[PDB]
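What follows is a single structure, written as structure tokens, with notes after it.
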Amino acid sequence: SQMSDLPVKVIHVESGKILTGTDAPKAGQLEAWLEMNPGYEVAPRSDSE
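Residue numbering for the sequence shown follows PDB author numbering, starting at 610 and increasing by one per position.
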């Protein structure tokens, strides 16, 4: 699968809540979700070194 198919987490500044890939929007509809829900930001992954 591609990242575009996998969900991307986000962090809200107005509420401070962090949405996980489970509740967060998909990579394809993320742009629309963020545009509609202002204050959110792409959260970091769980890769690390």
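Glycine included, every Cβ here is placed at the ideal spot set by N, Cα and C.
- For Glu644, the enclosing alpha helix (DSSP H) stretches over residues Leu639 to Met645.
- Between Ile620 and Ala652, the C-beta spacing is below 8 angstroms.
- Secondary structure note for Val651: its beta strand (DSSP E) is the uninterrupted segment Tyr649 to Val651.
- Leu615 sits exposed, since fewer than 16 C-beta atoms from the chains shown fall within 10 Å of its C-beta.
- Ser613 and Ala636 do touch by the CB rule: their CB atoms are close to 4 angstroms apart, below 8 angstroms.
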